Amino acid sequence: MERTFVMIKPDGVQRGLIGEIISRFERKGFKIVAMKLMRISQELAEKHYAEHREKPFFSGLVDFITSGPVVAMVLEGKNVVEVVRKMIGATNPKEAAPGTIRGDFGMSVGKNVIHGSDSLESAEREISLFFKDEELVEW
């Protein structure tokens, strides 16, 4: 059954938006099957953002995801990857539709509160990267 990775970023955590974000996913009927508050190491951040490593300001992108506690989480349900992407909305919070997490809360592209996997492929990669098998919980 389909799963996606979500990270509540340090700005989401620091601004007290964790409950609000989770409620949106629970109201929508998804299952949290893994979740933890953590601090992301340098290495892990670079691995996570590997496809961005030759892009402008890579290190400001990394610096920021290591600048505070995040909530790492795996959601399960039908069309979860795609549905979570639409609930989160466009990377740029000015362009993200109203009613999306980024349209309603995000302050800028760099401070856009939350990440969700792009694709089936990147969900599987991000889930394996952040969680061991034993951290997944059945329900």
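The first residue of the sequence shown is number 1, and the count goes up from there.
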**Prompt:** Do the C-alpha atoms of 47 to 55 or of 106 to 114 have the higher average B factor in the entry?
**Reply:** 47 to 55
**Item:** Segment of higher mean CA temperature factor, 68 to 76 or 35 to 43
**Value:** 35 to 43
**Request:** Identify, among 24, 15, 125, 9, the residue whose C-alpha carries the highest B-factor in the deposited PDB entry.
**Result:** 125
**Fill in**
Entry-reported C-alpha B-factor of residue 60 relative to its chain, by third, is highest
